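Every read-out reported here was derived from the displayed coordinates using simple, explicitly stated rules and does not represent laboratory data. FYI the Cβ positions are ideal-geometry reconstructions off the backbone, even for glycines, and counts take in every protein chain you see.
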RNA sequence: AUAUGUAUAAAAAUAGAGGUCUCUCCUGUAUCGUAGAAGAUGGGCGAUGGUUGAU
RNA sequence: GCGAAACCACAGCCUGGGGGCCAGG
RNA sequence: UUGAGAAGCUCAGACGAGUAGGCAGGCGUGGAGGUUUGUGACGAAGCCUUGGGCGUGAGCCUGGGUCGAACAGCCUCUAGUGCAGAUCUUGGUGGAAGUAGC
RNA sequence: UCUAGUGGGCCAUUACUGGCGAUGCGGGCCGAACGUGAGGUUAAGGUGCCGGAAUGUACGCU
RNA sequence: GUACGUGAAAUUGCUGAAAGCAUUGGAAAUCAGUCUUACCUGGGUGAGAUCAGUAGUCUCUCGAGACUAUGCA
């Protein structure tokens, strides 16, 4: 099932797997937005990606986690062609969750999840912490904003669940739900 | 002008005999089929008889407003809905000539074709309406007795998100 | 039979686009290092006999007839027995006096004329 | 023939000069400058350029602005001729607009140029009666 | 404007339009995708004029 | 909800091609919900179309349709090969096609 | 100063979470909306409903 | 104001690998 | 059954890179003889053309515009007969450049 | 019987043998000898993305 | 219109539109051609000719063409 706009929570996803999934979607005409890019995970110890980046530091050197992921997708696209540049403009990778996107459903990619792809006990790095060490200086405020949004969203879920309780109780109250329940619904 | 004037390459005798068309198994008369193409796409229609190539089908005109029409067996979805009693209505009158279109004619003279105000309308004649009403009379008790038929046929078939036709069983 | 054409594009000469001094008529590339003569990828094609069209529908215009150039009225009367096989074409140097006489004769003969509306007007 | 007909004959005037002993490139830049102006404004502009007030910009042959005296002298007389041709043709002098001024090269004899100017009246739209 | 159809002739349209209350029939003659002539007949038997149009420009042009 | 739809959404993926040579005469189409070559056998022979806009009022409409047909499966992941009456433009990669349900056999 | 119903918002973990000592997860094949001359014209029964456009 | 001439396959961002080729910046 | 341009028509099967080099058939130009009861001031030739057509091609036919006096097909004859280049010859015209410069 | 053209060199395995040279095409030496096409199927090499094709299945090391 | 028959290309200006070698198609602009009026059958009305249980002339070789009368079964 495909639609025009998807929001992907990047927490617990591997950088390469998620970018490759994202890149294939973009070339298919699907507008993709990736949020919480600083919770992205990378296989290997912290120093390994750290020496990878400082080698890259030794071209514009960008430190933000959202633009770290954007570079990963960019190498997986035909950027030299008008088709690739069109696809890239369809991708909006952001850190944290902007308010326009926190009120919408967020899907996850099972083929890219770290839990389903990394053996337990394997060391893994986080893009947010790696970026914060190479020059990024906004993880304090991003983390603080995350708590406020998480608190507000948690209250919304409680309100949604409380409203759900009434209809859930009224479901079995009506005898129609049990009159012809043989249909499987 | 009768002795040929040209080489007249006569076609070699083709050995393509005409055999009766084997329709689908699920297109039995009386079944409810979803119309897929035409002006009445998405309508659910009861099959009356199996013509040589098409199916003579009609929706009960008081239900969905689908008159007596032919439809190709490739443009109908045969559903597993319970069949409607159609043995009570004569169908032998519905032949190829019955559904044919008015042969081109319009006897005209060379003063009214110019200043073209003579074209009549092709309004369906009375006996077509009478046959449709007679069919409705012979079909309505069959669909009324079994529940949900009247509302099912007055409905329309339409897909939505999450509906996968390759897995849905009609 | 239907008039099948294996190819519809002209076989432009190599580098005819680069230079105005180089015409677009086909010349075989006589060069010994010519990449295009070597039939690399993307190199423009060269006239081969395989593009030759069906002997049954060679010389046939899209309407299945063959052009038969005609200079006067006596020519269109030759096509009396071949009007399903040939189409008359009035030469460019035939005047408008004769063109009318050619077209009127050919009309009774049941012959298609490819350029019957040329050099003339209608009065009705 | 004149290269362009941007108006109707009753509402235009033309003047031309052939094999004028000047420079083709300087004339082209002056012609580009005064194209599209009005006859009153162009006359002011050419006098200003003459008396070191405004400079003719160079766009294609920049190699910027300059004050080509020989070129503007030719264009001043040609426009005076076109204005006079509008008098004899019974044209108004307030809507006169330089519609098509063109400079073409001449047989090398140097770089002489052919200059043609067509001045028309400002086209107007009458109100629709509705 | 009645589109000319069939085997009707200018001497037959004139009679037909005469009995239908028309008083002047204009026939725009074209061939080869250009309107080159215009014949008008004054109904029912009035003088008929034959013109050859030229420089035919439409409002877009 | 609104309904009135009798088609399955599909995407124009790319042309049939090798690594460096492309074939515009056959196109690769991904259908919604079809994820294996066993399920792709259902949609073979169906009529797929590309619908787009224009500027000229051809018979009083701004709509234009290029029809087609599904020919065979492609690969293992439910992609199919679609032949269109006119080869689809290369600019319509990732565009949205419409897989009608006719001709039907189920 | 001047686009084919475009539907679905908790957090964190996979060597545990949520809800009230007890229960659930093991994907959304789910949930909300889905009949109408592309959505016509009327009548009855039961609740104060549902969907909305404009203030 | 006057006014050339030589010259000109074609043109002009870097790195690596085999001034346009390949992969990147 | 009409399908002998017997140099015609018809059946079948195999095959298809190509430098040097060999063989064959064709396209084009100037002039010659014959021929087309050939074309032409109701427009020859030439030229222009995002008009159309034919041939694998060399090329040919044609519509429209321009033009104003001659031209062509077919069968043979003949040759000062086919160009992208020779730091080719002659003429014309560019970028350099309104630069260097006076 | 005649009658044209050539009697170079390079690469690789074991003086020999092939290959290059007069030879384009798929892959990046391997594969494959070429008329114009339609369809089917493959060789070599491949199926995360760029890139057509399993983010296949199973057994193991890092 | 003497810088004069025709007036090619290179080349230059202006205006208009678009954009910043091949394959395949889209968009825009343009273009080619495209048919209905005929076939058969029946009748009515007249027409004639190659028809006349019909008369003449000329040219060819009995009858073959071309005619001029007269009739219309």
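Some observations on this one:
- Across chain A, the volume of the C-alpha convex hull divided among the residues equals 165 Å³ per residue.
- Note on chain C: Cα-only Rg and Dmax are 20.7, 65 Å.
- Across the protein assembly as shown, Cα-Cα pairs more than 35 Å apart make up 76 percent of the total.
- Percent antiparallel among DSSP beta bridges (both partners in the protein assembly as shown, rounded to 5): 80
- Estimated translational D of chain E in µm²/s (Stokes, Kirkwood radius over Cα pairs; 20 °C; 1.002 mPa s): 167
- Counting, for every residue in B:61-72, the Cβ atoms of other protein chains within 10 Å of its Cβ and taking the mean gives 0.
- Annotation: Cα Rg of chain F relative to the compact-globule expectation 2.2 N^0.38 Å equals 1.10.
- Our estimate of slack between residue C:95 and residue C:22, defined as 0.36 nm per intervening residue step minus the Cα-Cα distance, is 22.7 nm.
- Peptides D:26-36, E:3-13 ordered by packing proxy, namely the average of other Cβ atoms within 10 Å per residue, highest first: D:26-36, E:3-13.
- Between C:19, C:68, C:11, the Gaussian network model of chain C with springs among Cα atoms under 10 angstrom shows the greatest mean-square fluctuation at C:19.
- Average other protein chain Cβ within 10 Å of Cβ, residues E:37-44: 1
- Inter-probe distance in nm under a simple model that places probes 7 Å from Cα toward Cβ, at residue E:31 and residue E:49: 2.4
- Region F:58-106 pair-distance distribution - Cα-Cα, 10 Å bins, rounded %: 18, 48, 27, 6, 1
- Computed over region A:110-185, the convex hull of the alpha-carbon atoms projects to a mean area of 9.6 nm².
- Normalised alpha carbon radius of gyration of region D:1-72 [divisor 2.2 N^0.38 Å]: 1.21
- Peptides A:32-43, B:105-116, ordered by how many other C-beta atoms sit within 10 Å of their residues on average, highest first, read A:32-43, B:105-116.
- Binned Cα-Cα distances of chain B, short to long, each 10 Å bin given as a whole percent: 8, 29, 26, 16, 13, 7, 2, 0
- Tensor-based shape of chain D (alpha-carbon gyration tensor, a/c under 1.5 rounded, otherwise prolate or oblate): prolate
- Build a GNM of chain F with springs between Cα atoms under 10 Å apart, and of F:36, F:27, F:18 the one that fluctuates most is F:18.
- Mean-position separation - Cα centroids, region A:76-141 and region F:1-69, in angstrom: 32
- For region D:10-72 versus region C:1-64, the gap between their alpha-carbon centres in whole angstrom: 53
- Computed from the Cβ-Cβ distance with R0 of 45 Å, the FRET efficiency linking residue B:96 to residue C:5 stands at 0.65.
- Inter-label distance for residue D:70 and residue F:106, nm, one decimal - labels placed 7 Å from Cα along Cα-to-Cβ: 8.7
- The calculated FRET efficiency for residue B:128 paired with residue E:9, based on their beta-carbon distance and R0 = 51 Å, is about 0.80.
- Within the listed set C:24, C:104, C:89, the Gaussian network model of chain C (springs between alpha-carbon atoms below 10 Å) gives the highest mean-square fluctuation for C:24.
- Modelled FRET efficiency - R0 51 Å, residue C:115 with residue A:150, Cβ distances, 0.05 increments: 0.05
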